[PDB]
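Just one chain is shown here, as structure tokens, and it is the form deposited in one PDB entry.
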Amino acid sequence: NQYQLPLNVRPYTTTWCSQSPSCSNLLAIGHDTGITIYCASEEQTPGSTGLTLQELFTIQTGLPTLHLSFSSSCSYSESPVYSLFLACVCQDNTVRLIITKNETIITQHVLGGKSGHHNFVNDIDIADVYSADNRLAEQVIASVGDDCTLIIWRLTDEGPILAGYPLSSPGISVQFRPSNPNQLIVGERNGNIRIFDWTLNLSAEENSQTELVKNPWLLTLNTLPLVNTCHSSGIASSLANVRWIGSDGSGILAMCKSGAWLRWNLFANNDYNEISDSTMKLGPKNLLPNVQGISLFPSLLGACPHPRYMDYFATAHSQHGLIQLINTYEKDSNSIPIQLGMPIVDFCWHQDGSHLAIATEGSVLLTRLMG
């Protein structure tokens, strides 16, 4: 009913390749000495459905990988060769793009020193940007740290351009808006959520004349002050993470460390329209969350949104091995579909939403859920 596999090395983070279509079936475990890649194989020999994990190889970097994200530049070809590009955060506060053929690293691009972070780096994301036609114009790496900075690292055909933006407190989570890679979301420790357009200053003002500046900080949403409608006394909680909801980034989910979560339905759930059909006739609304609740358990890692169903997210009790599945909608019906009896290190959804991958201290798991 669920697959399990032991680990020889202590893990920190787990992520699915969803950015590359041909590699959509592999899992990376960031661990003490590098990055092990696993393959999700559909095969189950007795004659049934049921996935398994095959430990492919380990990229040795010589130091802990704490956060990690697959690039789209990841590909498979035929000796069979996995050609990988990995955006990594490492123990030395560096942000890296690691380029491999299987285990072997051809090149690491490292952001450190003066231009990098000068404290713990909490989150990282990568996004693809397309030019006039559908050509691949730029790849962008965003990172946030305890140094209260957001760093944007643009990998252009010409080379690297980077910029840093101050934050009001530590930056604990960052994510590019799905289907809109020019916007990103940043969650600060103090609960302030910021939507940021890294793009609108370079196109008109930064590169040339006539230097008429626009504010790239589009919106601040407040989290902590707006909780209590469910329902926390929460004596000084902080933000665990903030995530875009929907394949178009139409919604926003914030999770506090206390378990208190909040949802905004900002944009239309649609490829084209930004303004939601809902806004169009009931009038302009305020920026209060649309719905909120509180998880059964405090949430160290934050919410893990379902990659397909908007209303569903998973949140874990990391210390006790419980994962609660929450439907936002759906008020006060409590479901804990997974209980392990041991700590959780990290977990993520299978790229297709059928399974959850979970790293514990001694093993990695695949668990299917239906509905």
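The first residue of the sequence shown is number 1, and the count goes up from there. C-alpha atoms forming the largest set that superposes within 1.5 Å between two forms make up the rigid core.
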Quiz item: Relative to the deposited sequence, how many residues with no modelled coordinates occur between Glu78 and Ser79 (none, 1 to 3, 4 to 9, 10 or more)?
Solution: 10 or more
Quiz item: Comparing 171 to 179 with 156 to 164, which stretch shows the greater average C-alpha B-factor in the deposited entry?
Solution: 156 to 164
Quiz item: Out of 45 to 53 and 22 to 30, which stretch has the higher average CA B-factor listed in the record?
Solution: 45 to 53
Practice problem: Just grab whichever of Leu288, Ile294, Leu136, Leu253 has the top CA B-factor as deposited. | Solution: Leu136
Self-check item: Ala316, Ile59, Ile326, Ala40, ranked by C-alpha B-factor: the highest one
Solution: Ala40
Self-check item: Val227 - Cα temperature factor, lowest/middle/highest third of chain
Solution: middle
Quiz item: Once the chain's modelled residues are ordered by C-alpha B factor and cut into thirds, is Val140 in the lowest, middle or highest one?
Solution: middle
Practice problem: Relative to the other modelled residues of the same chain, rank the CA B-factor of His118 and answer lowest, middle or highest third. | Solution: middle
Quiz item: According to the PDB entry, is the CA B factor of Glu188 in the bottom, middle or top third of its chain, that is, lowest, middle or highest?
Solution: lowest
Practice problem: State the tercile, meaning the lowest, middle or highest third, of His306 with respect to the CA B-factors recorded for its chain. | Solution: middle
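From this point on, the text means the form deposited in another entry, which you will not see here.
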Quiz item: Which of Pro170, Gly293, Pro178, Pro216 has its C-alpha displaced by 2 Å or more between this form and the one not shown after core superposition?
Solution: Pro216
Practice problem: Determine whether the C-alpha of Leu365 shifts by 2 Å or more between this form and the one not shown once the rigid core is superposed. | Solution: no
Exercise. Could you tell me whether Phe120 and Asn215 have their C-alpha atoms closer or farther apart in the other entry than in the shown form, knowing the shift is 3 angstroms or more?
Key: closer
Exercise. Pin down for me whether the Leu7-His350 Cα distance shrinks or grows in the other entry relative to this form (closer or farther, change of 3 Å or more).
Key: farther
